[PDB]
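Single chain ahead, written as structure tokens, the form deposited without the RNA.
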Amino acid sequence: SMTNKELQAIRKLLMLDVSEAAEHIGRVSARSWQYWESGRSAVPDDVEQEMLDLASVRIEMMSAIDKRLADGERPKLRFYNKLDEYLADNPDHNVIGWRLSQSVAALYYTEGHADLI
């Protein structure tokens, strides 16, 4: 029962642009995605579940870094600012995985735990 504001919140947390979420998750125009965030139309079940699954991936990514911190390591995390460079290192990923990687790396940098390269 994700609301319009909850969709927007998770989309922003995952560092997706509207156009990226619209193209790949919604398979709709950016305008149609904006309508789900504005509440003009209900958030589709399939879109809700996909946002939740992507959040679960992000959690798995964080649990792994947490173990490195528990070991005393100060990780050097890749912050890719070029999609093509992310994809060259992750040939089976796409723009969604790129944004997830940014969200995770930014969290640990901002918390003071990791350095970005």
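In case it trips you up, residue 1 is the first one in the sequence shown, and so on.
key: Between the two ranges 5-13 and 89-97, the one averaging a larger CA B factor in the entry   = It is 89-97.
request  = Output the stretch having the higher mean C-alpha B factor in the entry; the candidates are 73-81 and 60-68.
outcome  = Higher mean C-alpha B-factor: 60-68.
Keep in mind the form solved in complex with the RNA is missing from the figure; the text below concerns it.
task = Identify, from the list 49, 56, 90, 32, the residue with a heavy atom within 4.5 Å of the RNA in the deposited bound form.
result = The option sitting close enough to the partner is 32.
inquiry  = Within 4.5 Å, heavy atoms only, which of 18, 107, 15, 95 is in contact with the RNA in the deposited bound form?
reply    = Looking at the other structure, the residue within range turns out to be 18.
ask   = Is it true that 75, 78 and 80 each have at least one non-hydrogen atom within 4.5 Å of the RNA in the deposited bound form?
value = None of them does, since no heavy atom lies within 4.5 Å of the partner.
ask   = How about residue 68: is it within 4.5 Å of the RNA in the deposited bound form, going by heavy atoms?
value = Looking in the deposited bound form, residue contacts with the RNA do not include residue 68, since no heavy atom lies within 4.5 Å.
task = Evaluate residue 28 for contact with the RNA in the deposited bound form, applying a 4.5 angstroms cut-off between non-hydrogen atoms, and reply yes or no.
result = Residue 28: contacts the RNA in the deposited bound form.
ask   = Taking heavy atoms and a 4.5 Å limit, what residues of 40-71 are near the RNA in the deposited bound form?
value = Counting only heavy atoms within 4.5 Å of the RNA in the deposited bound form, the contacting residues of 40-71 are 40, 41, 44, 46, 47.
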